[PDB]
Structure formats: C-alpha cells, structure tokens
Amino acid sequence: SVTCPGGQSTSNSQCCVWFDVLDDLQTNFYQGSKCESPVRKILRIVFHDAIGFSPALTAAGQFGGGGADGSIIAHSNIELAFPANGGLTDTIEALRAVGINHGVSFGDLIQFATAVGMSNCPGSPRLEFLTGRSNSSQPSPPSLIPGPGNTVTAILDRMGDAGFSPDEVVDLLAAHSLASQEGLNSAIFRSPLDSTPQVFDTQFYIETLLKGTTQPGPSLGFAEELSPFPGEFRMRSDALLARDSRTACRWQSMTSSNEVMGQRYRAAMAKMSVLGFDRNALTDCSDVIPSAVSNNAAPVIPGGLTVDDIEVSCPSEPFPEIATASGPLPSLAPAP
Ligand code: HEM
Ligand SMILES: *[C@@H]1O[C@H](CO)[C@@H](O[C@@H]2O[C@H](CO)[C@@H](O)[C@H](O)[C@H]2NC(C)=O)[C@H](O)[C@H]1NC(C)=O
Ligand SMILES: [Ca+2]
Ligand SMILES: [Ca+2]
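Per the entry's author numbering, numbering through the sequence shown is continuous, rising by one, with the last residue being 344.
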C-alpha cells in the first residue's frame with residue numbers, strides 16, 4: 009500500500025512530499041521544533057490569509073478574495089501594506105522559500121506550517137491537513153481583516169460574512185492562548201496575552217475575564233486596555249468579546265476544559281482552512297501531522313485572584329469552579 013520513500017505509511021501518494029517539508033520546517037523555520045515566535049506569526053498569517061474572502065463583495069459584482077489561497081505570500085507586495093499585516097515580512101519570506109524549494113502551493117504550505125507549529129506547543133489538538141489548493145491567486149481586497157479597535161458588531165458582521173457564527177469567532181480566538189503583541193505597544197515587546205504563551209490552554213479565556221487592574225507599560229498603546237497583572241497585555245476586542253452578551257456565554261464555557269476548547273478550535277480551523285475551496289476536491293494528508301505533547305496542568309485563576317475578580321458576563325450559566333493558586337500576583341516575562 010502507500011509507503012513513502014522514507015518508510016512512513018500514508019493514505020495517498022500526494023502526501024509523501026509533505027514529510028520532506030515537515031523536516032525542513034521543524035529544523036529550520038521552527039528552530040528545532042520549538043513553540044516560539046515563528047508559530048505565533050504563522051497563526052496570524054493563516055487567519056489573515058483565509059479571511060480575505062467576502063461573499064458580500066462577490067454578490068455586489070466585485071472580486072471578494074480567494075480565501076485560503078496563499079495570496080498573502082504570492083501578493084505580499086500588496087497585502088503586507090494592509091494595517092493588520094505589520095510585523096509579518098520576515099515570516100512570509102521564510103515561507104516563500106520553503107514553498108519554492110519543495111514545489112508546494114502557497115495556500116497548502118500556510119495550512120501545513122500551522123498544523124506543524126501547533127504540534128510543537130503542548131496542549132494542542134492535531135489539526136486536519138488537506139492538500140491540493142491551487143497555487144494561483146489574485147490579491148485579497150483590502151479591509152477584510154477585523155482590527156483590535158473594532159466594535160463587537162463590526163467583528164461579528166465581517167466574520168459572519170466569511171461564514172462564521174458568533175460561537176465560531178470565540179472558538180477561533182483560542183489561538184490567542186499562544187500569543188503576544190509586538191506592534192500595538194512597542195514599549196512592552198512581546199508581552200503575552202495569557203500567562204502561558206507556550207501552552208495551548210484555557211488561560212486566555214479565564215484571564216481576559218479578570219478585572220483590568222494594571223497598566224503594563226509606560227503608556228497605553230493602540231487598542232490597549234488595563235490587564236490583570238504586570239506583563240500581560242489586554243487588547244480591546246478581546247476584552248469586549250468576553251463581556252458582550254452575544255459572545256459572553258460561549259467565552260465562559262471555554263474556561264474550564266482544555267479538551268472542549270481544543271475540539272471546538274480544531275473544528276473552526278478545519279472550516280477556516282477551506283474558505284474559497286471545496287473540501288471534497290482536496291486530499292486528506294492529516295496523518296502526516298504529529299502529535300503534540302499533552303498539557304497536564306488544570307485551569308487556574310492565577311496569583312491569589314478569586315472568582316470575585318472575574319467580571320461574570322454570561323447571565324444564565326454560573327461561572328465554573330476553577331482552581332485558585334495560593335500566589336502573589338504574577339509578572340509575565342515576554343513571550344519567547
Ligand atoms: C476577532 C479577530 C481578531 C483580532 C481583532 C485579532 C487581533 C490581533 C492583534 C492586533 C494582534 C497583535 C499583533 C502584533 O502587534 O504583534 C494579534 C496577535 C495574534 N493573533 Fe489575533 N486577532 C483576532 C483573531 C485571531 C485568529 C482567529 C487567529 C488565528 C487562529 C489569531 C492569532 C493570533 C496570534 C497567534 C497572535 C500572536 C502573534 C505574536 O505573538 O507574534 N488572532 N491578534
Ligand atoms: C506558485 O506561484 C508563485 C508565483 O505567484 C511562484 O513563485 C515564484 O517562483 C519562482 C520560480 O519557482 C520564483 O523565482 C519567484 O520569485 C516566485 N515568486 C513569488 C512571488 O513568490 C511559485 O513558484 C509557484 N509554485 C508552484 C508550485 O507552482
Ligand atoms: Ca488569501
Ligand atoms: Ca496559553
């Protein structure tokens with residue numbers, strides 16, 4: 009049956025080239041299979057590439073974007089001039105080279121490097137991986153990426169037009185559990201968005217719900233809110249979506265189970281990877297993707313804060329019982 013040149017067994021001969029780009033990305037792009045800044049920039053890139061898709065622009069007779077087509081790399085010259093795409097040139101060039109050198113399409117390569125990067129971060133699910141997305145693209149239309157200063161209505165309408173329900177917007181946001189900011193407030197470069205930027209866990213949902221108490225840098229940056237402890241950055245859209253009645257109950261159900269969070273996240277990501285494509289025309293090469301190491305820590309309210317410090321915003325469901333840590337307040341180191 010299909011055994012690839014390297015002795016691995018796969019479902020289809022179309023999957024064999026991906027064991028070679030797996031080796032290149034792990035050794036080089038990810039610097040020895042690490043979960044550091046290259047994984048976080050690729051998670052920004054996969055979203056910014058796939059969300060350039062708008063059925064409403066198509067309906068009005070305009071080109072609406074090809075979705076998860078790799079247009080952010082093939083047309084980086086126009087797309088990296090967009091407001092939301094700063095701080096990405098170096099990662100896009102590293103990916104362009106792996107793509108040209110292995111003979112794989114840019115849209116497939118971004119989806120693949122996202123599943124491989126996430127496998128380097130403890131706690132992550134195994135993301136689905138499909139191959140066969142066409143390599144040709146047209147530049148994404150501008151203004152299709154949600155920004156941190158937008159209202160929840162603006163974010164839900166843009167996301168809804170691409171096809172996601174309010175629940176799936178919250179599910180997709182689990183990627184901010186592996187995150188920092190570099191361009192919102194340059195003064196606290198790489199300040200984490202949750203206290204474990206290297207563990208794909210529930211802490212992002214717990215901590216954006218805590219009362220904003222601390223200014224982490226000299227001044228406040230673009231779309232920055234007060235955060236719960238030194239070193240942690242809180243962006244306005246995350247604070248608002250955690251508290252809005254349209255998204256608050258789903259945000260609260262994501263706080264106590266890393267297992268439920270990862271299932272939901274895997275499902276929204278599989279939907280986001282085929283925006284602009286018919287998944288039945290693609291080949292499944294999910295077995296090429298390795299397992300991540302498991303996360304054995306339980307969810308916690310960090311540093312002595314309790315349930316009285318979180319601003320419960322889901323009026324129907326009571327806040328789940330999460331553990332407390334007998335701590336002094338943490339000060340987070342920049343994400344690596
Ligand atoms: C409501 C939509 C979203 C908004 C408004 C938003 C906004 C942002 C902003 C402004 C940054 C900081 C970038 C910087 O200055 O360095 C950021 C970082 C990040 N976002 Fe989001 N985001 C959203 C959705 C997502 C989605 C769905 C993903 C991917 C599945 C994602 C993954 C990330 C990651 C991993 C980072 C960290 C980048 C790094 O540490 O270098 N975001 N996001
Ligand atoms: C996918 O399309 C892009 C063009 O949009 C190709 O990228 C170019 O590849 C050539 C030769 O391989 C390089 O010298 C160019 O610099 C690349 N241009 C850009 C903008 O990256 C790419 O080769 C195509 N890949 C496949 C498999 O067809
Ligand atoms: Ca695109
Ligand atoms: Ca985390």
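Here a beta-carbon is modelled for each residue, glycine too, at the ideal position from N, C-alpha and C.
What's the C-alpha gap between residue i and residue j?
| i | j | result |
| --- | --- | --- |
| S142 | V282 | 12 angstroms |
| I53 | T122 | 9 angstroms |
| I108 | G73 | 23 angstroms |
| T161 | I318 | 23 angstroms |
| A341 | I196 | 10 angstroms |
| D202 | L248 | 16 angstroms |
| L135 | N128 | 12 angstroms |
| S62 | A305 | 40 angstroms |
| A182 | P154 | 16 angstroms |
| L337 | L313 | 8 angstroms |
| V308 | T35 | 34 angstroms |
| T139 | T222 | 45 angstroms |
| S151 | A68 | 16 angstroms |
Is residue i a contact residue of ligand 3, with contact defined as CB to any heavy atom under 7 angstroms?
| i | result |
| --- | --- |
| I80 | yes |
| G107 | no |
| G72 | no |
| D175 | no |
| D57 | yes |
Which same chain residues end up closer than 7 angstroms to residue i when comparing Cβ atoms and leaving out the 5 residues on each side of it in sequence?
| i | result |
| --- | --- |
| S113 | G78, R141, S142, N143 |
| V106 | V29, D32, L33, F37, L117 |
| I86 | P147 |
| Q16 | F27 |
| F285 | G75, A76, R141 |
Give a single yes or no on whether residue i has its beta carbon closer than 7 angstroms to a heavy atom of ligand 4.
| i | result |
| --- | --- |
| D77 | no |
| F237 | no |
| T291 | no |
| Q211 | yes |
| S302 | no |
| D246 | no |
| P310 | no |
| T204 | yes |
| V207 | yes |
| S127 | no |
| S185 | yes |
Give the DSSP bridge partners of residue i, in chain order.
| i | result |
| --- | --- |
| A331 | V308 |
| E232 | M243 |
| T291 | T139 |
| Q189 | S199 |
| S17 | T11 |
| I318 | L218 |
Is any heavy atom of ligand 1 found at a distance shorter than 7 angstroms from the C-beta of residue i?
| i | result |
| --- | --- |
| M243 | yes |
| residue 345 | No answer is possible for residue 345: it lies beyond the span of the chain, which begins at 9 and ends at 344. |
| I163 | yes |
| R274 | no |
| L51 | yes |
| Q146 | no |
| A305 | no |
Just to confirm my understanding: we take residue i, look at its own chain, exclude 5 residues before and 5 after, and list those with CB closer than 8 angstroms. What are they?
| i | result |
| --- | --- |
| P130 | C43, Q206, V207, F208, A300, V301, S302, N303 |
| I118 | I50, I53, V54, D57, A76, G78, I80, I81, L103 |
| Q39 | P46 |
| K279 | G171, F172, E176 |
| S339 | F237, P238, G239 |
Under 7 angstroms from any heavy atom of ligand 2, does the C-beta of residue i make it?
| i | result |
| --- | --- |
| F114 | yes |
| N143 | yes |
| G284 | no |
| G171 | no |
| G111 | yes |
| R104 | yes |
If I follow the unbroken alpha helix (DSSP H) through residue i, where does it start and stop?
| i | result |
| --- | --- |
| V29 | 24-32 |
| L103 | 97-110 |
| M269 | 266-280 |
| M262 | No alpha helix (DSSP H) contains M262, which DSSP labels as neither H nor E. |
| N128 | No alpha helix (DSSP H) contains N128, which DSSP labels as neither H nor E. |
| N85 | 84-87 |
| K49 | 45-58 |
| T161 | 160-170 |
| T66 | 63-67 |
| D175 | 174-180 |
With a CB to CB cut of under 6 angstroms and the five nearest residues on each side skipped, what residues in its chain are close to residue i?
| i | result |
| --- | --- |
| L180 | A276 |
| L164 | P174 |
| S132 | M126, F208, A300 |
| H184 | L201, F212 |
| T66 | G72 |
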